[PDB]
Every structure is written in structure tokens, then in C-alpha cells.
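A.B. asks: Input: one structure, supplied below.
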Amino acid sequence: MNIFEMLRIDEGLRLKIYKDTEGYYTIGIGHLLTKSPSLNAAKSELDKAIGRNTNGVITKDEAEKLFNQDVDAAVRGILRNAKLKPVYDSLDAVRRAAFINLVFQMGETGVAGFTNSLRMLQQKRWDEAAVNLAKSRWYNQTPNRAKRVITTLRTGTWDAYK
Ligand SMILES: [Cl-]
Ligand SMILES: [Cl-]
């Protein structure tokens with residue numbers, strides 16, 4: 001198990017524009033297209049992202065390319081953010097994957113606001129951080145994905161994911 005397989009399990013793969021859990025136009029492996037309600041704003045964003053007229057549909061390759069970009073951007077965002085970086089540096093390899101997952105899903109900005117959890121993670125207070133992370137809209141809106149990430153953060157193993 002690695003960050004790529006972990007996220008591919010949590011987001012799935014869809015080759016056709018679809019709506020995410022929040023109602024946003026998305027494609028491939030959790031690649032958000034637009035928060036706008038228009039399906040044309042979404043196909044426009046898509047063609048821009050792919051470099052071709054897609055008519056809302058893409059190949060496996062295309063989806064994986066977007067995915068590679070997005071994990072990369074997630075990682076680079078963490079390393080650039082003054083609140084995230086120190087947490088990430090302090091963690092072990094499994095736990096780092098989970099932090100990435102948390103960022104991919106929710107933006108640097110959002111994760112960076114999880115102030116208290118961040119401080120607990122850094123102090124390696126696992127059980128307590130798990131308890132705090134669960135008191136969030138995040139957990140309440142996507143509880144099974146959330147529990148898997150939290151478990152990874154708590155344990156430091158890939159158990160939730162076998
Ligand atoms: Cl893009
Ligand atoms: Cl879920």
C-alpha cells in the first residue's frame with residue numbers, strides 16, 4: 001500500500017463527469033472540476049485540464065495523469081505551507097500518506113485550520129488526535145472514508161485499507 005492505491009480506493013475512478021458527495025462536478029480519481037452548478041462550466045474546465053475537446057468523457061490514461069498531478073500538488077502544497085510542513089516532517093511514512101489524503105480531499109487551507117488536531121499529531125498523541133478529528137463536518141459528511149484515514153493516523157498501519 002501506497003498513497004496512490006490508498007486514494008484510488010477512497011475516491012474510485014470515473015471516466016464520465018459526475019457529481020461528488022457535496023454535489024460538485026468531478027471526474028477521474030477525485031479531480032474536482034468546478035464548484036459551479038453548470039455542467040458546461042464543468043465541460044469547459046475539463047477540456048482545459050485535458051487539452052482536448054472531451055465532451056465530458058476521458059480515458060483511463062487521462063484520469064491517471066490528472067491524478068498524478070493532483071497528488072504531486074498535494075504533496076508540494078503541504079511542504080509549502082507553514083502550518084502543514086512541520087506536522088508532515090514529524091510523521092512516519094504511513095501517517096504521512098494519511099496527511100496527504102486529508103489534504104487531497106480537503107485543501108491545504110482546510111487542513112491547516114484543524115489547529116488542535118495538528119498540534120496533537122505533532123506531539124504523537126494518536127488516540128487524542130483521532131478523537132478530535134472526528135468532531136468535524138468532514139467526518140460527519142463522509143464517515144467511512146474519514147474512519148479509514150483516522151485509523152491510519154491513530155495506528156500507523158494500513159489496516160483499514162487489507
Ligand atoms: Cl489541472
Ligand atoms: Cl465515505
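Residue numbers (the authors' numbering): 1 to 162.
Using N, Cα and C, we set each Cβ at its ideal position, and we do this for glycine too.
#1: Inspect the CB distances between the stretch 54–69 and the stretch 12–28 and report whether three or more fall short of 8 Å.
#2: DSSP on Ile27, reduced to helix/strand/coil?
#3: Under 5 Å from any heavy atom of ligand 2, by CB: list those residues in chain order, please.
#4: Is there contact here, the stretch 61–73 with the stretch 85–93, by at least three beta-carbon pairs under 8 Å?
#5: My assumption, with CB atoms under 8 Å, is that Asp70 sits in contact with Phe104. Please give the rounded CB distance.
#6: Is the stretch 111–130 touching the stretch 151–159 in the sense that three or more CB pairs, one from each, lie closer than 8 Å?
#7: Check each candidate in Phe67, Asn68 and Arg96 and name the one with the smallest Cα separation from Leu79.
#8: Let me make sure I understand the geometry here. Which of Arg148, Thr109, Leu7 and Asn140 has the alpha-carbon closest to that of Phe67?
#9: Alpha carbons only, please: which of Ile29, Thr21 and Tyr24 is nearest the one belonging to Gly12?
#10: Could you check whether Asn81 and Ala129 sit closer than 8 Å to each other, using their CB atoms as the reference points?
#11: Tell me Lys19's beta-bridge partners as DSSP assigns them.
#12: Using 8 Å for Cβ pairs, my map puts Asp10 next to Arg137. What's the rounded Cβ distance?
#13: Which runs of the alpha helix (DSSP H), 4 residues or longer, sit entirely within the stretch 118–154?
#14: With DSSP run on the structure shown, which of helix, strand or coil describes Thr34?
#15: Round the Cβ separation of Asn132 and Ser117 to the nearest angstrom and send it over; I've been treating them as touching at under 8 Å.
C.D. replies: According to the structure shown:
#1: Between the stretch 54–69 and the stretch 12–28, the count of C-beta pairs closer than 8 Å reaches three or more; the two stretches touch.
#2: To locate residue 27, count along the sequence shown from 1; it is residue 27. In this structure, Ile27 counts as strand in the three-state DSSP scheme.
#3: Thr142, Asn144 and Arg145
#4: no
#5: Translated into the one-based positions of the sequence shown, residue 70 becomes position 70. Translated into the one-based positions of the sequence shown, residue 104 becomes position 104. The pair is a contact, with the Cβ atoms about 6 Å apart (cut-off 8 Å).
#6: yes
#7: Counting from 1 along the sequence shown, the entry for residue 79 is found at position 79. Comparing Cα positions, the closest option is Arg96.
#8: Translated into positions along the sequence shown, residue 67 becomes position 67. Closest by alpha carbon: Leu7.
#9: Translated into the one-based positions of the sequence shown, residue 12 becomes position 12. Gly12 has its Cα closest to that of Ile29, out of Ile29, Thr21 and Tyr24.
#10: The residue labelled residue 129 in the question sits at position 129 within the sequence shown. The residue labelled residue 81 in the question sits at position 81 within the sequence shown. Annotated as distal: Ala129 and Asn81, with beta-carbon spacing of 8 Å or more.
#11: For the purposes of this step, residue 19 is identified with residue 19 of the sequence shown, where counting begins at 1. Answer by DSSP bridge pairing, in chain order: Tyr25.
#12: For this step, residue 10 is matched to residue 10 along the sequence shown. For this step, residue 137 is matched to residue 137 along the sequence shown. Contact doesn't hold; Cβ gap of about 17 Å is too wide.
#13: DSSP runs (the alpha helix (DSSP H)) wholly in the stretch 118–154: 126–133 and 137–141.
#14: On the sequence shown, position 34 is the one that residue 34 refers to. Looking at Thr34 - three-state DSSP - the assignment turns out to be strand.
#15: The residue labelled residue 132 in the question sits at position 132 within the sequence shown. The residue labelled residue 117 in the question sits at position 117 within the sequence shown. Right, their Cβ atoms sit about 5 Å apart.
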